[PDB]
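Peer 1: Handing over work09.cif, mmCIF, C-alpha atoms; chains and numbers go by the auth columns.
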data_work
#
loop_
_atom_site.group_PDB
_atom_site.id
_atom_site.type_symbol
_atom_site.label_atom_id
_atom_site.label_comp_id
_atom_site.label_asym_id
_atom_site.label_seq_id
_atom_site.Cartn_x
_atom_site.Cartn_y
_atom_site.Cartn_z
_atom_site.B_iso_or_equiv
_atom_site.auth_seq_id
_atom_site.auth_asym_id
ATOM 1 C CA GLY A 1 38.063 9.427 24.316 0.00 1 I
ATOM 2 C CA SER A 2 36.206 11.218 21.531 0.00 2 I
ATOM 3 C CA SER A 3 37.631 8.947 18.833 0.00 3 I
ATOM 4 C CA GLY A 4 35.881 5.589 18.645 0.00 4 I
ATOM 5 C CA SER A 5 32.365 4.458 19.524 0.00 5 I
ATOM 6 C CA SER A 6 31.786 4.924 15.794 0.00 6 I
ATOM 7 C CA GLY A 7 29.755 1.781 15.181 0.00 7 I
ATOM 8 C CA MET A 8 27.797 1.166 18.375 0.00 8 I
ATOM 9 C CA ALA A 9 24.205 0.374 19.339 0.00 9 I
ATOM 10 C CA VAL A 10 22.155 3.127 20.980 0.00 10 I
ATOM 11 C CA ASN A 11 20.328 1.240 23.731 0.00 11 I
ATOM 12 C CA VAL A 12 16.586 1.895 23.934 0.00 12 I
ATOM 13 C CA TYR A 13 14.918 3.145 27.113 0.00 13 I
ATOM 14 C CA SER A 14 11.515 4.678 26.376 0.00 14 I
ATOM 15 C CA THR A 15 10.803 4.840 30.107 0.00 15 I
ATOM 16 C CA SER A 16 7.794 7.167 30.143 0.00 16 I
ATOM 17 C CA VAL A 17 3.997 7.171 30.364 0.00 17 I
ATOM 18 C CA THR A 18 3.707 7.367 26.577 0.00 18 I
ATOM 19 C CA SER A 19 3.674 3.989 24.830 0.00 19 I
ATOM 20 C CA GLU A 20 3.829 3.394 21.076 0.00 20 I
ATOM 21 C CA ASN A 21 3.329 -0.254 20.121 0.00 21 I
ATOM 22 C CA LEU A 22 2.432 -1.649 16.698 0.00 22 I
ATOM 23 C CA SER A 23 0.325 -4.690 15.813 0.00 23 I
ATOM 24 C CA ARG A 24 0.778 -7.860 13.761 0.00 24 I
ATOM 25 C CA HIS A 25 0.050 -6.011 10.516 0.00 25 I
ATOM 26 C CA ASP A 26 2.275 -2.998 11.179 0.00 26 I
ATOM 27 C CA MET A 27 5.013 -5.002 12.899 0.00 27 I
ATOM 28 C CA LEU A 28 5.250 -6.871 9.594 0.00 28 I
ATOM 29 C CA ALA A 29 4.665 -3.886 7.311 0.00 29 I
ATOM 30 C CA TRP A 30 7.640 -2.194 8.971 0.00 30 I
ATOM 31 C CA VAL A 31 10.037 -4.950 7.912 0.00 31 I
ATOM 32 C CA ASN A 32 8.259 -5.625 4.619 0.00 32 I
ATOM 33 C CA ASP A 33 9.199 -2.029 3.807 0.00 33 I
ATOM 34 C CA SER A 34 12.568 -1.951 5.573 0.00 34 I
ATOM 35 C CA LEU A 35 14.481 -4.596 3.622 0.00 35 I
ATOM 36 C CA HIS A 36 11.636 -5.366 1.218 0.00 36 I
ATOM 37 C CA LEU A 37 10.378 -8.417 3.110 0.00 37 I
ATOM 38 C CA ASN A 38 7.293 -10.485 2.288 0.00 38 I
ATOM 39 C CA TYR A 39 6.537 -12.007 5.691 0.00 39 I
ATOM 40 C CA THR A 40 2.832 -12.679 6.232 0.00 40 I
ATOM 41 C CA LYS A 41 3.293 -13.709 9.864 0.00 41 I
ATOM 42 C CA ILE A 42 5.383 -12.345 12.734 0.00 42 I
ATOM 43 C CA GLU A 43 6.442 -15.947 13.335 0.00 43 I
ATOM 44 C CA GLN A 44 8.096 -15.951 9.910 0.00 44 I
ATOM 45 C CA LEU A 45 10.778 -13.612 11.253 0.00 45 I
ATOM 46 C CA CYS A 46 11.891 -16.679 13.207 0.00 46 I
ATOM 47 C CA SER A 47 14.163 -17.478 10.264 0.00 47 I
ATOM 48 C CA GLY A 48 16.375 -14.666 11.517 0.00 48 I
ATOM 49 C CA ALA A 49 17.738 -13.971 8.043 0.00 49 I
ATOM 50 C CA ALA A 50 15.727 -10.758 8.335 0.00 50 I
ATOM 51 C CA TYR A 51 17.282 -9.601 11.605 0.00 51 I
ATOM 52 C CA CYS A 52 20.686 -10.301 10.059 0.00 52 I
ATOM 53 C CA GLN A 53 19.971 -8.124 7.024 0.00 53 I
ATOM 54 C CA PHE A 54 18.986 -5.340 9.419 0.00 54 I
ATOM 55 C CA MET A 55 22.281 -5.258 11.318 0.00 55 I
ATOM 56 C CA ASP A 56 24.104 -4.563 8.053 0.00 56 I
ATOM 57 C CA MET A 57 21.706 -1.706 7.307 0.00 57 I
ATOM 58 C CA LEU A 58 22.057 0.045 10.667 0.00 58 I
ATOM 59 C CA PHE A 59 25.612 -0.996 11.531 0.00 59 I
ATOM 60 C CA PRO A 60 27.550 -1.880 8.351 0.00 60 I
ATOM 61 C CA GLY A 61 30.521 -4.220 8.623 0.00 61 I
ATOM 62 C CA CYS A 62 29.094 -5.593 11.861 0.00 62 I
ATOM 63 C CA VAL A 63 27.117 -8.457 10.328 0.00 63 I
ATOM 64 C CA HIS A 64 27.947 -10.879 7.515 0.00 64 I
ATOM 65 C CA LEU A 65 25.072 -11.470 5.094 0.00 65 I
ATOM 66 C CA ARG A 66 27.248 -14.078 3.383 0.00 66 I
ATOM 67 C CA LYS A 67 26.996 -16.457 6.341 0.00 67 I
ATOM 68 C CA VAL A 68 23.257 -15.766 6.468 0.00 68 I
ATOM 69 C CA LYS A 69 20.668 -18.009 4.818 0.00 69 I
ATOM 70 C CA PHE A 70 17.868 -15.972 3.241 0.00 70 I
ATOM 71 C CA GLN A 71 16.568 -19.172 1.645 0.00 71 I
ATOM 72 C CA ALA A 72 16.415 -20.998 4.977 0.00 72 I
ATOM 73 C CA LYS A 73 13.663 -23.624 4.936 0.00 73 I
ATOM 74 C CA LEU A 74 14.624 -26.003 7.746 0.00 74 I
ATOM 75 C CA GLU A 75 14.934 -25.348 11.479 0.00 75 I
ATOM 76 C CA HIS A 76 18.703 -25.822 11.701 0.00 76 I
ATOM 77 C CA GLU A 77 19.024 -23.195 8.968 0.00 77 I
ATOM 78 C CA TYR A 78 17.355 -20.732 11.338 0.00 78 I
ATOM 79 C CA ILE A 79 20.059 -21.137 13.981 0.00 79 I
ATOM 80 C CA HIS A 80 22.966 -20.691 11.568 0.00 80 I
ATOM 81 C CA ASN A 81 21.658 -17.301 10.443 0.00 81 I
ATOM 82 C CA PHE A 82 21.290 -16.298 14.095 0.00 82 I
ATOM 83 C CA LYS A 83 24.849 -17.407 14.852 0.00 83 I
ATOM 84 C CA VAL A 84 26.538 -14.896 12.546 0.00 84 I
ATOM 85 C CA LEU A 85 23.992 -12.324 13.717 0.00 85 I
ATOM 86 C CA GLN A 86 24.912 -12.844 17.371 0.00 86 I
ATOM 87 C CA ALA A 87 28.434 -11.748 16.441 0.00 87 I
ATOM 88 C CA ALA A 88 27.231 -8.333 15.280 0.00 88 I
ATOM 89 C CA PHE A 89 25.604 -7.934 18.694 0.00 89 I
ATOM 90 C CA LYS A 90 28.677 -8.616 20.831 0.00 90 I
ATOM 91 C CA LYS A 91 30.877 -6.911 18.239 0.00 91 I
ATOM 92 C CA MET A 92 29.468 -3.532 19.272 0.00 92 I
ATOM 93 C CA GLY A 93 28.218 -4.428 22.738 0.00 93 I
ATOM 94 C CA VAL A 94 24.491 -5.109 22.504 0.00 94 I
ATOM 95 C CA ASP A 95 23.066 -6.158 25.870 0.00 95 I
ATOM 96 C CA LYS A 96 20.081 -7.717 24.099 0.00 96 I
ATOM 97 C CA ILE A 97 20.468 -11.495 24.285 0.00 97 I
ATOM 98 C CA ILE A 98 19.248 -13.306 21.172 0.00 98 I
ATOM 99 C CA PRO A 99 17.006 -16.239 22.179 0.00 99 I
ATOM 100 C CA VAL A 100 17.630 -18.482 19.171 0.00 100 I
ATOM 101 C CA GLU A 101 16.716 -21.829 20.728 0.00 101 I
ATOM 102 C CA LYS A 102 13.314 -20.171 21.112 0.00 102 I
ATOM 103 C CA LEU A 103 13.112 -17.751 18.183 0.00 103 I
ATOM 104 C CA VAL A 104 13.811 -20.637 15.807 0.00 104 I
ATOM 105 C CA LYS A 105 10.839 -22.556 17.201 0.00 105 I
ATOM 106 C CA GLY A 106 8.748 -20.154 15.143 0.00 106 I
ATOM 107 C CA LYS A 107 6.413 -19.075 17.936 0.00 107 I
ATOM 108 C CA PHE A 108 4.144 -16.033 17.665 0.00 108 I
ATOM 109 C CA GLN A 109 4.760 -14.776 21.201 0.00 109 I
ATOM 110 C CA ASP A 110 8.503 -14.910 21.864 0.00 110 I
ATOM 111 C CA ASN A 111 8.673 -13.301 18.420 0.00 111 I
ATOM 112 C CA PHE A 112 6.330 -10.364 19.015 0.00 112 I
ATOM 113 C CA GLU A 113 8.601 -9.175 21.826 0.00 113 I
ATOM 114 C CA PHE A 114 11.844 -9.438 19.857 0.00 114 I
ATOM 115 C CA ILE A 115 10.576 -7.663 16.741 0.00 115 I
ATOM 116 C CA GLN A 116 8.511 -5.302 18.893 0.00 116 I
ATOM 117 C CA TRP A 117 11.741 -3.973 20.399 0.00 117 I
ATOM 118 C CA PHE A 118 13.577 -4.450 17.102 0.00 118 I
ATOM 119 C CA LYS A 119 11.662 -1.442 15.779 0.00 119 I
ATOM 120 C CA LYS A 120 12.490 1.202 18.385 0.00 120 I
ATOM 121 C CA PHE A 121 15.989 -0.287 18.481 0.00 121 I
ATOM 122 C CA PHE A 122 16.331 0.538 14.784 0.00 122 I
ATOM 123 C CA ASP A 123 15.188 4.146 15.161 0.00 123 I
ATOM 124 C CA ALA A 124 17.681 4.747 17.970 0.00 124 I
ATOM 125 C CA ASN A 125 20.438 4.115 15.426 0.00 125 I
ATOM 126 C CA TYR A 126 18.811 4.909 12.081 0.00 126 I
ATOM 127 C CA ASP A 127 19.471 8.588 11.376 0.00 127 I
ATOM 128 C CA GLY A 128 18.266 8.711 7.783 0.00 128 I
ATOM 129 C CA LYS A 129 20.446 6.798 5.333 0.00 129 I
ATOM 130 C CA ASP A 130 19.435 4.851 2.225 0.00 130 I
ATOM 131 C CA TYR A 131 20.067 1.101 2.263 0.00 131 I
ATOM 132 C CA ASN A 132 19.564 -1.240 -0.693 0.00 132 I
ATOM 133 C CA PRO A 133 18.626 -4.725 0.580 0.00 133 I
ATOM 134 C CA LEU A 134 18.350 -6.168 -2.928 0.00 134 I
ATOM 135 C CA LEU A 135 21.728 -4.912 -4.147 0.00 135 I
ATOM 136 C CA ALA A 136 23.055 -7.013 -1.267 0.00 136 I
ATOM 137 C CA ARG A 137 22.184 -10.202 -3.149 0.00 137 I
ATOM 138 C CA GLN A 138 21.714 -8.775 -6.643 0.00 138 I
ATOM 139 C CA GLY A 139 23.083 -10.739 -9.583 0.00 139 I
ATOM 140 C CA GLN A 140 21.121 -11.220 -12.797 0.00 140 I
ATOM 141 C CA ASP A 141 18.189 -8.868 -13.371 0.00 141 I
ATOM 142 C CA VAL A 142 16.592 -11.907 -15.011 0.00 142 I
ATOM 143 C CA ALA A 143 15.991 -13.594 -11.658 0.00 143 I
ATOM 144 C CA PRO A 144 12.480 -13.033 -10.239 0.00 144 I
ATOM 145 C CA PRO A 145 12.419 -9.841 -8.129 0.00 145 I
ATOM 146 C CA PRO A 146 10.867 -9.991 -4.634 0.00 146 I
ATOM 147 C CA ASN A 147 7.417 -8.410 -4.386 0.00 147 I
ATOM 148 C CA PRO A 148 4.387 -8.585 -2.054 0.00 148 I
ATOM 149 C CA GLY A 149 2.321 -9.350 -5.139 0.00 149 I
ATOM 150 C CA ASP A 150 -0.539 -11.087 -3.347 0.00 150 I
ATOM 151 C CA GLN A 151 -4.303 -10.630 -3.663 0.00 151 I
ATOM 152 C CA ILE A 152 -7.197 -13.002 -2.986 0.00 152 I
ATOM 153 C CA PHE A 153 -10.694 -11.988 -4.083 0.00 153 I
ATOM 154 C CA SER A 154 -13.631 -13.132 -1.953 0.00 154 I
ATOM 155 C CA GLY A 155 -16.855 -12.096 -0.248 0.00 155 I
ATOM 156 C CA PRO A 156 -20.144 -13.985 -0.698 0.00 156 I
ATOM 157 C CA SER A 157 -23.425 -12.106 -1.120 0.00 157 I
ATOM 158 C CA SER A 158 -27.122 -12.983 -1.281 0.00 158 I
ATOM 159 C CA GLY A 159 -29.814 -10.959 -3.023 0.00 159 I
#
Translate the structure described by the file into structure tokens.
Peer 2:
Amino acid sequence: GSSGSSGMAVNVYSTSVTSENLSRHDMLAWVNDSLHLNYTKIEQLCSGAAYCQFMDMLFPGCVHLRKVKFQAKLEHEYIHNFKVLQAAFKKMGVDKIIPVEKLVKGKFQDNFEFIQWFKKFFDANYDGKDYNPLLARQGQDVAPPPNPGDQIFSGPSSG
């Protein structure tokens, strides 16, 4: 009845003429601003660690960031993070299969789709609450804080 369905995923339809799709830049900027990510390539999201940190933001208590590897460097480390994440999906009842065996690969295509839908899928649940991604793994202020600090000067000229 009324009671329940508290923490569920609001499927995404968007079945209409209108079509709002972002590009490599944006697609990344969205996440880089969501949980303060520094991904320079959509393929980077392959790690999954990002998708895992999102579940906690939208649906708290559904995903375990502890079992997630934000420092994942190898391929196997990409699957592990996805594993725990998959739980958050079935936990609520997400009918969006998570292609890890592929996502891990680190492709630029199979990724675009996932993330592409990961955006609208976040707005269908995100009402307007503040979520601190850092506080999730905060310890000693000393440690180097994550920042997009990146700039490369260039541009040859002849005169």
Peer 1: Can you write out as JSON lines which residues of region 128-155 of chain I fall within 12 Å of region 13-37 of chain I, alongside each residue's closest atom pair and its distance in Å to one decimal, counting all atoms listed in the file and ordering rows by chain and ascending residue number?
Peer 2:
{"residue": "I:129", "atom": "CA", "partner": "I:34", "partner_atom": "CA", "distance": 11.8}
{"residue": "I:130", "atom": "CA", "partner": "I:34", "partner_atom": "CA", "distance": 10.2}
{"residue": "I:131", "atom": "CA", "partner": "I:35", "partner_atom": "CA", "distance": 8.1}
{"residue": "I:132", "atom": "CA", "partner": "I:35", "partner_atom": "CA", "distance": 7.5}
{"residue": "I:133", "atom": "CA", "partner": "I:35", "partner_atom": "CA", "distance": 5.1}
{"residue": "I:134", "atom": "CA", "partner": "I:35", "partner_atom": "CA", "distance": 7.8}
{"residue": "I:135", "atom": "CA", "partner": "I:35", "partner_atom": "CA", "distance": 10.6}
{"residue": "I:136", "atom": "CA", "partner": "I:35", "partner_atom": "CA", "distance": 10.2}
{"residue": "I:137", "atom": "CA", "partner": "I:35", "partner_atom": "CA", "distance": 11.7}
{"residue": "I:145", "atom": "CA", "partner": "I:36", "partner_atom": "CA", "distance": 10.4}
{"residue": "I:146", "atom": "CA", "partner": "I:36", "partner_atom": "CA", "distance": 7.5}
{"residue": "I:147", "atom": "CA", "partner": "I:36", "partner_atom": "CA", "distance": 7.6}
{"residue": "I:148", "atom": "CA", "partner": "I:37", "partner_atom": "CA", "distance": 7.9}
{"residue": "I:149", "atom": "CA", "partner": "I:37", "partner_atom": "CA", "distance": 11.6}
Peer 1: Could you list, as a CSV table (one decimal) with C-alpha atoms, in the frame of the given file, every residue within 12 Å of residue 60 (chain I), counting only C-alpha atoms and ignoring same-chain residues fewer than 6 positions away?
Peer 2:
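This is the output file result.csv:
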chain,number,residue,atom,x,y,z
I,6,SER,CA,31.8,4.9,15.8
I,7,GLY,CA,29.8,1.8,15.2
I,8,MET,CA,27.8,1.2,18.4
I,9,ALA,CA,24.2,0.4,19.3
I,52,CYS,CA,20.7,-10.3,10.1
I,53,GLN,CA,20.0,-8.1,7.0
I,54,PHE,CA,19.0,-5.3,9.4
I,88,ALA,CA,27.2,-8.3,15.3
I,91,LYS,CA,30.9,-6.9,18.2
I,92,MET,CA,29.5,-3.5,19.3
I,125,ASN,CA,20.4,4.1,15.4
I,126,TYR,CA,18.8,4.9,12.1
I,129,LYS,CA,20.4,6.8,5.3
I,131,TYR,CA,20.1,1.1,2.3
I,136,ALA,CA,23.1,-7.0,-1.3
Peer 1: Would you work out the distance separating CA of residue 113 (chain I) from CA of residue 80 (chain I), expressed in Å to one decimal?
Peer 2: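 Going from CA of residue 113 (chain I) over to CA of residue 80 (chain I), I get 21.1 Å.
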Peer 1: What gap, in Å, lies between CA of residue 38 (chain I) and CA of residue 99 (chain I)?
Peer 2: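 So the two atoms, CA of residue 38 (chain I) and CA of residue 99 (chain I), lie 22.9 Å apart.
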Peer 1: Show me, as an NGL selection string, the residues that have an atom within 9 Å of residue 111 (chain I) when counting all atoms listed in the file, minus same-chain residues fewer than 3 positions from it.
Peer 2: :I and (42-46 or 102-103 or 106-108 or 114-116)
Peer 1: Please indicate the distance in Å from CA of residue 118 (chain I) to CA of residue 41 (chain I), rounded to one decimal place.
Peer 2: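 Interatomic distance, CA of residue 118 (chain I) to CA of residue 41 (chain I): 15.6 Å.
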Peer 1: Neighbouring residues of residue 121 (chain I) were defined as those with any atom within 8 Å, considering only C-alpha atoms; residues of the same chain fewer than 2 positions away were excluded. Please report them as a list in words.
Peer 2: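 Here the qualifying residues turn out to be residues 10, 11, 12, 117, 118, 119, 123, 124 and 125 of chain I.
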Peer 1: Determine the residue set returned by the PyMOL selection byres ((chain I and resi 79) around 8) for the present structure, and present it as JSON, numbers by chain.
Peer 2: {"I": [47, 48, 75, 76, 77, 78, 80, 81, 82, 83, 100, 101, 104]}
Peer 1: Could you work out an axis-aligned bounding box for all listed atoms of region 133-138 of chain I, with 8 Å added on each of the six sides, and give its centre and edge lengths in Å to one decimal, as JSON?
Peer 2:
{"center_x": 20.7, "center_y": -7.5, "center_z": -3.0, "size_x": 20.7, "size_y": 21.5, "size_z": 23.2}
Peer 1: Using all atoms listed in the file, find the one residue out of I:50, I:62, I:84, I:57 that sits nearest to residue 128 (chain I).
Peer 2: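 Result for the nearest residue to residue 128 (chain I): I:57.
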